[PDB]
């Protein structure tokens with residue numbers, strides 16, 4: 001299957017978003033997303049459910065992973 005779970009900056013959704021068209025991707029609140037591109041028009045290209053679409057940065061936030069990793 002996917003066997004990927006790899007990216008640059010993994011963000012998390014704090015609110016559900018309903019996509020009107022394919023161009024945009026709809027997700028739920030409390031899931032993990034992969035931020036690929038970052039625009040200025042509140043548009044952050046992410047990847048969810050094995051699909052890349054346009055999502056509002058407003059409904060996204062940088063996740064904080066806890067680990068012993070030093071720097």
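A quick note on method: Cβ atoms are made from the backbone with ideal geometry, for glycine too, and the neighbour counts reach across all protein chains shown. Throughout, read-outs are computed from the coordinates displayed, never taken from laboratory work.
One table, with the values for the structure above:
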{"item": "Condition check for residue 4: without any contact (Cβ under 8 Å) to a residue 12 or more places away in the chain and at negative phi", "result": "yes"}
{"item": "Within region 1-15, tally of residues that are surrounded by 10 or more Cβ atoms within 10 Å (Cβ to Cβ) and part of a loop (DSSP other than H, G, I, E, B)", "result": "4"}
{"item": "Selection count, region 39-57, where residues are in contact (Cβ under 8 Å) with a residue 24 or more places away in the chain and surrounded by 10 or more Cβ atoms within 10 Å (Cβ to Cβ)", "result": "10"}
{"item": "Selection within region 16-38 - closer than 24 Å to residue 65 by Cα and surrounded by fewer than 13 Cβ atoms within 10 Å (Cβ to Cβ)", "result": "16, 28, 29, 30, 31, 37, 38"}
{"item": "Tally of residues being farther than 13 Å from residue 13 by Cβ and assigned to a loop (DSSP other than H, G, I, E, B) across region 26-57", "result": "8"}
{"item": "Boolean, residue 69 is part of a loop (DSSP other than H, G, I, E, B), surrounded by fewer than 10 Cβ atoms within 10 Å (Cβ to Cβ) and either free of Cβ contacts under 8 Å to residues at least 12 places away in the same chain or touching a strand residue (DSSP E or B) at 6+ places or on another chain (Cβ under 7 Å) (or both)", "result": "yes"}
